[PDB]
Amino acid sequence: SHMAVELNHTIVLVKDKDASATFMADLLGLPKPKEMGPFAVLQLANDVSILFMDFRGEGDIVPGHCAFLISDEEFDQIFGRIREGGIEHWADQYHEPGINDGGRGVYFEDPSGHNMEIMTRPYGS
């Protein structure tokens, strides 16, 4: 025992759990999502997973988002794709359109309309 409390996983309701999970895994460079029960499961590096679940309702309102921390080099590579592919993006969590500046950030939506953010935290930030 004696560990400190961790966030281990959270369920995110989206219009299409498979479109959402595939988009997120492919954009962030993660392996193919796993199917578990009603969920499409995406594991992140800091001992936490996102479990996408089908939900036809509204789903996520700004300034809600899930934010992913990546290196400056991965930020440049993902943002370059988030530009050639016509992904809408915003500099702020309230969505402005067309990045944030210690660190950088950019916000965008997945195919289900789930709000995302990629952000950096370089040394000296």
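Just count from 1 along the sequence shown to find any residue number.
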According to the PDB record, deposited residues with no modelled atoms between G98 and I99 number 1 to 3
Per the PDB entry, mean CA B-factor is higher for 63-71 or 86-94, namely for 86-94
Going by the entry, of stretches 22-30 and 53-61 the one with greater average Cα B-factor is 53-61
Assert third(CA B-factor, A45) within chain per record equals lowest
Of the three thirds of the chain ranked by Cα temperature factor, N8 occupies the lowest
